[PDB]
Amino acid sequence: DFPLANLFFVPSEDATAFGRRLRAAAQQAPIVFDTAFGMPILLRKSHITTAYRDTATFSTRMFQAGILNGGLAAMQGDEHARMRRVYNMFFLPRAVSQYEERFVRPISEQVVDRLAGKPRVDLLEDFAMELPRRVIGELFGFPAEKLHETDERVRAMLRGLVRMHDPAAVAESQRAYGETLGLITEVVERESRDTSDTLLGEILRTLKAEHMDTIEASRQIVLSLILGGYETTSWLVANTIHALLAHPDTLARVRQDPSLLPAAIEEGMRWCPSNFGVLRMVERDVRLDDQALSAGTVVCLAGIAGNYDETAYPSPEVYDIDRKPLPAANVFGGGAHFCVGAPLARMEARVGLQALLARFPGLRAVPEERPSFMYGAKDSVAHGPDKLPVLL
Ligand code: HEM
Ligand SMILES: N[C@@H](Cc1c[nH]c[nH+]1)C(=O)O
């Protein structure tokens, strides 16, 4: 039994409130029970890094009861490493740079172009959501407005991958995936043809060459590009935008020198993380210092609690793109499951923000309307703003 804490479901106009809450809780106890979120939360750095590394004690098996069964995240040990190698190939530095020139740079120019002719826009819906959606489109050879229509189902899918102790959340997730399976099957069938010229077509050929091209594997490839490449990446872009908007002098520096964008992106992941960490299944009784966890417990590794550890990052409430070494990205997880798509997400954030800042030198937040930040923004599983109104 752990002390109670209320870390997740608390709204604030301060983007730092989430990180500050987690840090303040971590100073008081290593492990807390977040009643509204509904599970124990590991907050102490030593416990978290141990958990990420000891996959035999802290597994991803809970994923086998839900729509990710048969995907990469649900695999363990040797099965996992072999398929992981195959996913890794499509996010290598060279591959990502081809995506940048062919797909993401031009698309970014087009998304930013359609914001002009409006004195004010919501950069959340019109930019952070729109750009990753359209990238996943071009990787599929498939229209982005068709993905736009899956939004309620995409977030329904994701919510059942987080609050897995909730039977209703899990069942709605399975339902939403079932309602998306026709579309998934359409994309797979079309891009499995020799006539296929898309990246997704490249991917399905590689799976076949390793004799891994089951219906299930091909569906989970597509599913992860939707859940990760579209919805999750959106909140990274959105939180990076906000951090700059909320720091006009830094925004100006970054516009004048775009080579600062990677640091701005990493610092934004520290200062305003869009994800908290990961979920794990405790597979055997384990003692963490004087804490005990029972086998069968699903826990949250809230690695972003270290984002506000002032011993690592002094004045952690300050957005400082000049921190060196750059803060460790905890929003991508840890250990062998560490996000394989991270290189694409980082590149989309850099290229999109570069086009946005170059096209609108006068860009600024709407002074009256402050965003509200919370975990679960617009029914997502991200910590992010409810809106990003700007003046162009
Ligand atoms: C801002 C963007 C993203 C964030 C914050 C993020 C976060 C994460 C995290 C924390 C994990 C680990 C889950 C766990 O260990 O339980 C993960 C895994 C994964 N993510 Fe990402 N992700 C992002 C974008 C993407 C993209 C763009 C893709 C693919 C195009 C993607 C695909 C995957 C896959 C396939 C895995 C499973 C990896 C494995 O188990 O080996 N994600 N992601
Ligand atoms: N949660 C979904 C989508 C996602 C990918 N990366 C981060 N999130 C999954 O684990 O695939």
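Residues numbered from 1 in each chain as written, not as in the entry; some residues may be left out. Chains lettered and ligands numbered in written order. Heavy atoms only, no water.

**A closer look at the site of ligand 1**
The immediate surroundings of ligand 1 are formed by 27 residues, with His80, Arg84, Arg280, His337 and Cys339 found nearest. Between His80 and ligand 1, the recorded distance is 2.7 Å, taken from a side-chain N or O atom to an oxygen atom. A distance of 2.9 Å is found between an oxygen atom of ligand 1 and a side-chain nitrogen or oxygen belonging to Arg280. When residues of the shell around ligand 1 are traced back to their parent elements, those giving at least two are α3 (77-89), α11 (215-245) and β6 (278-282). No other element matches α11, which puts seven residues into the shell around ligand 1. Considered class by class, the residues forming the shell around ligand 1 number 14 nonpolar, 11 polar and two charged. (Near = heavy atom within 4 Å. Polar contact = N/O pair within 3.5 Å; in protein donor to acceptor, adjacent residues only side chain to side chain. Helix = DSSP H or I, 4+ residues; strand = E, 2+ residues; numbered from the N terminus. Nonpolar A, V, L, I, M, F, W, Y, C, P; charged D, E, K, R; others polar.)

**With respect to the nonpolar core**
Ranked by size, the top nonpolar core spans 124 residues in total, and within it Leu43, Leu123 and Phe140 carry the most contacts. For this core, the element with the highest residue contribution is α11, accounting for 16 residues. With 14 residues, the next largest nonpolar core counts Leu42, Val278, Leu288 and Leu301 among its residues. (Core = buried A, V, L, I, M, F, W, Y, C linked by side-chain atoms within 4.5 Å. Buried < 20%, exposed > 50% of the residue type's maximum accessible area, 1.4 Å probe, protein only.)

**Examining the pattern of salt bridges**
Side chains that differ in sign of charge can pair as their charged atoms come close. Per the stated rule, a full pass over the model turns up 26 salt bridges. Measuring nitrogen to oxygen at the nearest pair gives 2.9 Å for the salt bridge that ties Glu125 to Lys378. Residue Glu125 is found in helix α5 (residues 123-128), and its partner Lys378 is found in the loop between β11 (373-375) and β12 (383-385); the two are separated by 253 residues along the sequence. Judged by relative accessible area, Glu125 falls into the partly exposed class, the value being 25%. Among the residues examined, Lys378 registers a relative accessible area of 33% and is labelled partly exposed. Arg323 is the salt-bridge partner of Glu267, the closest N and O atoms lying 3.0 Å from each other. Separated by 56 residues along the polypeptide, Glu267 in helix α13 (residues 261-271) and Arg323 in the loop between β9 (298-301) and α14 (342-359) bring together distant segments of the chain. Taken individually, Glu267 and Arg323 each receive the classification buried, so the pair is uniform in this respect. Taken together, the shared-partner salt bridges in this structure form one network comprising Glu152, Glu172, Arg175 and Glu179. (Salt bridge = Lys/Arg side-chain N within 4 Å of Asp/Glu carboxyl O.)

**With respect to the sheet that holds strand β10 (residues 364-365)**
Within the open sheet, the three strands sit side by side as β5-β13-β10. Their pairing is antiparallel. This sheet does not close on itself; its edge strands, each paired only once, are β5 (120-122) and β10. The pairing of β10 with strand β13 (residues 389-391) spans two bridges and is classified as antiparallel. Looking across to β13, one finds that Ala365 is bridged to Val390. (Pairing = 2+ DSSP bridges.)

**Brief notes about the side chain of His242**
By the element assignment, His242 lies in helix α11. Assessed through its relative accessible area of 10%, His242 is described here as buried. In this structure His242 touches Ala15, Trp271, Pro371, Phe373 and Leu388, once residues within four positions along its chain are discounted. (Contact = heavy atoms within 4.5 Å.)

**Looking at the UniProt feature "binding site: heme b" in the protein**
UniProt's feature table lists "binding site: heme b" at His80, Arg84, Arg280, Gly334, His337 and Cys339, given in the numbering used throughout. Examined against the element boundaries, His337 turns out to sit in the loop between β9 and α14. Those residues in contact with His337, other than ones at most four positions away along the chain, are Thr55, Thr60, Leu72, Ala73, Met75, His80, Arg84 and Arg280. Side chain to side chain, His337 and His80 meet in a polar contact 3.3 Å long. Within the secondary structure, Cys339 sits in the loop between β9 and α14. (UniProt positions renumbered as here; feature names shortened; annotations may be inferred.)

**Section: the site of ligand 2**
The environment of ligand 2 is made up of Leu68, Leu158, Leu161, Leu227, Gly228 and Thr232. Taking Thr232, its side chain carries an N or O atom lying 3.4 Å from a nitrogen atom of ligand 2. In the complex, the protein chains occlude 65% of the 290 Å² of accessible area that ligand 2 would expose alone. Sorting the residues of the shell around ligand 2 by element identifies α8 (151-162) and α11 as the ones contributing at least two each. (Areas by Shrake-Rupley, 256 points an atom, 1.4 Å probe, with all protein chains shown as cover.)

**Some words on the packing of aromatic side chains**
According to the stated counting rule, one finds 11 aromatic pairs in the structure shown. Their ring planes at 5° and their centres at 4.0 Å tell us that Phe8 and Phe37 sit as a pair that is stacked. With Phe8 in the loop between β1 (4-5) and α1 (17-28) and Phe37 in the loop between β2 (31-34) and β3 (39-42), the pair connects residues that are 29 residues apart, well separated along the chain. For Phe8, a relative accessible area of 0% translates into the label buried. Geometrically, the ring pair formed by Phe37 and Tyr375 is edge-to-face, given 5.5 Å between the ring centres and 80° between the ring planes. Pair noted here: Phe37 is in the loop between β2 and β3 and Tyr375 is in strand β11, with a separation of 338 residues, a long-range link. You can call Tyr375 buried: its relative accessible area is 5%. Among the aromatic side chains, those forming a connected cluster through ring pairs are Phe8, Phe9, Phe18, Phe37, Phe276 and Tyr375. (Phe/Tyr/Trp six-rings, centres within 6.5 Å; stacked < 30°, edge-to-face > 60°.)

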